[PDB]
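A short worksheet on the structure shown next.
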Amino acid sequence: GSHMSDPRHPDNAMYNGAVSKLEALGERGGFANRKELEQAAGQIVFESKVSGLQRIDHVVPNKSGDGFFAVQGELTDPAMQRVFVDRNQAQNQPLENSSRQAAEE
């Protein structure tokens, strides 16, 4: 999450939508605690703002729950705007555990 320091940033009110969409989404996001909810939402609204989203109408959790799709409008609506949200931001993939270090043999 970002921009929690600068309150004049329009993500503050949009964040409430992000959290509510995930709270509505339920266990589909894979939320161990409310913190997970607010973390993902804090990433959602973040990726949303930088992508140009003005609201989160619907949120679709990726299969692994590593990513969330925040869509403005409706999934059936041609003017829907959709942004892929990395659950733990990062700078390539939603880093959860890319354990593949097998350089011993």
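In the structure tokens, chains take the letters A, B, ... in the order shown, each chain's residues start at 1, and ligands count up from 1 in the order shown.
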
Assign secondary structure with DSSP using the backbone only, and return the residues of chain A in alpha helix (DSSP H) as a VMD selection string. chain A and resid 11 to 25 34 to 51

Please give the complete set of residues from chain A that DSSP, run on the backbone, assigns to strand (DSSP E or B), formatted as an MDAnalysis selection string. chainID A and resid 58:61 67:72 81:86

As number ranges by chain, please: the residues near stretch 80-90 of chain A (cut-off 12 Å, only C-alpha atoms, same-chain neighbours under 4 positions excluded). A: 1-2, 18, 29-31, 36-62, 64-76, 94-97
